Colleague: 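Below are the structure tokens for one structure; questions will follow.
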Amino acid sequence: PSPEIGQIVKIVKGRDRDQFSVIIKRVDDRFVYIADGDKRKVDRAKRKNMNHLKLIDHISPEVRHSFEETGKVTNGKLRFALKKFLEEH
RNA sequence: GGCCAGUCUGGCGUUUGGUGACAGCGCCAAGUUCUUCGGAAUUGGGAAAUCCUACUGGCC
């Protein structure tokens, strides 16, 4: 399954390993860009090979709706999506 | 299995760079070489290669 915009991931490789992040842009089949709105904010999002992430079965509608209407997402909305995701699991 | 590119002594920490193995930075250790004894250089294996072990990324 292709990675989705607004989907939560767990980082499995790299120095940001074992953290949770949000997919904010899909380059192709291989590469995405992730950001958490805190230590890794949108304006310097982290490029990632999708093989170095673990797809979590959770997609935040707030993140993907904001990209559909404004073409962007705020760091506060990213922090909200991750904070809400952790509270349900 | 083939072709190409890359990484290297170990432990803890890390808002930094890298897709990544890793690296950078702080601290504690280890090996090798040199020393005027104050220190200095260096770090997978190999005498060395377009070589090889392990690991990472790409194409098949």
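Scope of the values below: all heavy atoms of this structure, side chains included, with no hydrogens, waters or symmetry mates. Below, read A as the first sequence line, B as the second, and so on, with proteins coming before strands; counting in each chain starts at 1.
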Colleague: Kindly state each residue pair satisfying side chain to side chain donor-acceptor pair (under 3.5 Å) with at least one member in residues 22-36 of chain A, sequence neighbours excluded.
Modeller: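 Side chain to side chain donor-acceptor pair (under 3.5 Å) check on residues 22-36 of chain A returns A:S2-A:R26.
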Colleague: Just list the side-chain donor-acceptor pairs under 3.5 Å for residues 10-20 of chain A, sequence neighbours left out, or say none.
Modeller:
| residue | atom | partner | partner atom | Å |
| --- | --- | --- | --- | --- |
| A:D16 | OD1 | A:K48 | NZ | 2.9 |
| A:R17 | NE | A:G14 | O | 3.4 |
| A:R17 | NH1 | A:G14 | O | 3.3 |
| A:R17 | NH2 | A:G14 | O | 3.3 |

Colleague: Side chain to side chain contact (heavy atoms under 4.5 Å, CB included), that's the test. Do A:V22 and A:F85 meet it? Break it down for me.
Modeller: CA-CA 10 Å; A:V22 182; A:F85 154 76; over 6 Å; no
Colleague: Hey, would you call B:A41 and B:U42 stacked, ring centres under 5.5 angstrom, planes off by under 30 degrees?
Modeller: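 Yes, stacked.
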Colleague: Any salt bridge (charged side-chain N to carboxylate O under 4.0 Å, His left out) involving residues 59-84 of chain A? Give me the pairs, sequence neighbours left out, ordered by first then second residue.
Modeller: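 Applying salt bridge (charged side-chain N to carboxylate O under 4.0 Å, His left out) to every pair that reaches into residues 59-84 of chain A, excluding sequence neighbours, yields A:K83-A:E87, A:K84-A:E88.
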Colleague: Mind checking the P distance from B:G11 to B:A30? Whole angstroms is fine.
Modeller: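 Comparing P positions in B:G11 and B:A30 gives a spacing of 15 Å.
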Colleague: Quickly, which of A:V27, A:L53, A:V9, A:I5 forms a side-chain contact (heavy atoms from CB on, under 4.5 Å) with A:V32? Name it, please.
Modeller: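 Only one of A:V27, A:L53, A:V9, A:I5 forms a side-chain contact (heavy atoms from CB on, under 4.5 Å) with A:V32, namely A:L53.
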Colleague: How would the sugar of B:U33 be described, north or south, if a positive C1'-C2'-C3'-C4' means north and a negative one means south?
Modeller: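 The sugar ring of B:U33 falls in the north range (positive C1'-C2'-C3'-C4' torsion).
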Colleague: Tell me which residues in residues 45-58 of chain A put a heavy atom below 4.0 Å from RNA chain B, sorted by number, or none.
Modeller: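 Only A:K46, A:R47, A:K48, A:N49, A:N51, A:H52 qualify.
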Colleague: Does B:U53 carry a north or a south sugar when the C1'-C2'-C3'-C4' torsion is used to decide?
Modeller: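 B:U53 falls in the north pucker range.
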Colleague: Does B:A23 pair with B:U16, Watson-Crick or G-U wobble, where both distances are under 3.5 Å?
Modeller: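 Taken together, B:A23 and B:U16 make a base pair (Watson-Crick or G-U wobble, both distances under 3.5 Å).
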Colleague: For adjacent nucleotides B:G46 and B:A47, indicate whether their bases are stacked under the rule of ring centres within 5.5 Å (strictly under) and plane angle under 30°.
Modeller: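 When the rule is applied to B:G46 and its neighbour B:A47, the answer comes out as no.
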Colleague: ring-ring contact (aromatic ring centres under 6.0 Å, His included): which pairs involve residues 60-81 of chain A, sequence neighbours left out?
Modeller: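 Output for this query is empty, none listed.
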Colleague: Using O4'-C1'-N9-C4 for purines and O4'-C1'-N1-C2 for pyrimidines, with syn meaning within 90° of 0, is B:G38 syn or anti?
Modeller: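 It is syn.
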Colleague: Under 3.5 Å for both donor-acceptor distances, Watson-Crick or wobble: does B:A49 have a partner, and if so which one?
Modeller: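 Matched B:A49 with nothing under the 3.5 Å cut-off.
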Colleague: Please enumerate all residues that pass side-chain contact (heavy atoms from CB on, under 4.5 Å) together with A:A35, with sequence neighbours excluded.
Modeller: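 Result, side-chain contact (heavy atoms from CB on, under 4.5 Å) vs A:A35: A:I24, A:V42, A:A45, A:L78.
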Colleague: Please state the P separation for the pair B:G57 and B:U43 - nearest whole angstrom.
Modeller: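 Those two atoms are separated by 25 Å.
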Colleague: Just checking, are the bases of B:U50 and B:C51 stacked by our 5.5 Å, 30° definition for the six-membered rings?
Modeller: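 Stacking between B:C51 and B:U50 is absent - centres under 5.5 Å, planes under 30° not both met.
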Colleague: Rounded to the nearest 0.5 Å, what separation is found between the CG atom of A:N75 and the CG atom of A:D43?
Modeller: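 That separation rounds to 6.5 Å.
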Colleague: Can you tell me the pairing partner of B:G26 across any strand shown, Watson-Crick or G-U wobble, with both distances under 3.5 angstrom?
Modeller: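 With both distances under 3.5 Å, B:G26 matches B:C12.
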Colleague: Applying a 3.5 Å limit to both distances, which nucleotide forms a Watson-Crick or G-U wobble pair with B:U7?
Modeller: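 Its partner is B:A54 (Watson-Crick or G-U wobble, both distances under 3.5 Å).
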Colleague: Sign of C1'-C2'-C3'-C4' decides it: give me the sugar pucker of B:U36, north or south.
Modeller: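 Sugar pucker of B:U36 - south, given that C1'-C2'-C3'-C4' is below zero.
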Colleague: Determine the Euclidean distance between corresponding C1' atoms of B:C52 and B:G13; express it in Å to zero decimal places.
Modeller: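 Comparing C1' positions in B:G13 and B:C52 gives a spacing of 35 Å.
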Colleague: Considering only atom P, compute the distance from B:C25 to B:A40 and round it to an integer number of Å.
Modeller: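 Between the two P atoms, the distance is 16 Å.
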Colleague: With rounding to whole Å, what would you report as the distance between B:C27 and B:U33 at their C1' atoms?
Modeller: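 My reading of the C1' atoms in B:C27 and B:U33 gives 26 Å.
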Colleague: Return whichever of A:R44 or A:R17 has its heavy-atom-nearest nucleotide of RNA chain B closer to the 5' end.
Modeller: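 On the 5' side of the pair lies A:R44.
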Colleague: Tracing side-chain links under 4.5 Å among I, L, V, M, F, W and Y, which residues wind up in one group with A:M50?
Modeller: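 None; A:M50 is a cluster of one.
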Colleague: Taking side chain to side chain donor-acceptor pair (under 3.5 Å) as the definition, give me every residue that meets it alongside A:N49, ordered by chain and number, with sequence neighbours left out.
Modeller: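 So A:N49 forms a side chain to side chain donor-acceptor pair (under 3.5 Å) with A:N51.
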Colleague: Contact class for A:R15 (heavy atom, under 4.0 Å): base, sugar-phosphate, or nothing?
Modeller: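 A:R15: base contact, heavy atoms under 4.0 Å.
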Colleague: For B:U50, tell me north or south, taking a positive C1'-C2'-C3'-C4' torsion as north and a negative one as south.
Modeller: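 Taking the sign of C1'-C2'-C3'-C4' as the criterion, B:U50 has a south sugar, on the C2'-endo side.
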Colleague: With rounding to whole Å, what would you report as the distance between B:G38 and B:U42 at their P atoms?
Modeller: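 To the nearest whole Å, 23 Å.
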Colleague: Can you tell me, in whole Å, how much space there is between the P of B:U56 and that of B:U16?
Modeller: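 B:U56 and B:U16 have their P atoms separated by 25 Å.
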Colleague: If you find the nucleotide of RNA chain B closest to A:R30 and the one closest to A:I11, which residue's nucleotide is nearer the 5' end?
Modeller: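 It is A:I11, whose closest nucleotide lies nearer the 5' terminus.
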Colleague: For RNA chain B, note the earliest and the latest nucleotide, 5' to 3', having some atom under 4.0 Å of a heavy atom belonging to chain A.
Modeller: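 Listing 5' to 3', RNA chain B meets chain A from B:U15 to B:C59.
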Colleague: Judged by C1'-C2'-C3'-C4' (positive north, negative south), is the sugar of B:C8 north or south?
Modeller: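 Of the two classes, B:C8 takes south, because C1'-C2'-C3'-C4' is negative.
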Colleague: Could you check whether the rings of A:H58 and A:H89 sit parallel, tilted or perpendicular, using 30° and 60° as the cut-offs?
Modeller: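 The rings of A:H58 and A:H89 stand perpendicular, inter-plane angle above 60°.
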Colleague: Determine if B:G18 and its strand neighbour B:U19 meet both stacking conditions: ring centres closer than 5.5 Å and an interplanar angle below 30°.
Modeller: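 No, the six-membered rings of B:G18 and B:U19 do not stack, since they fail the test of centres under 5.5 Å and planes under 30°.
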Colleague: Say we look at B:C60 and B:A48: how far apart would their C1' atoms be, to the nearest angstrom?
Modeller: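 Taking atom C1' in both B:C60 and B:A48, they lie 32 Å apart.
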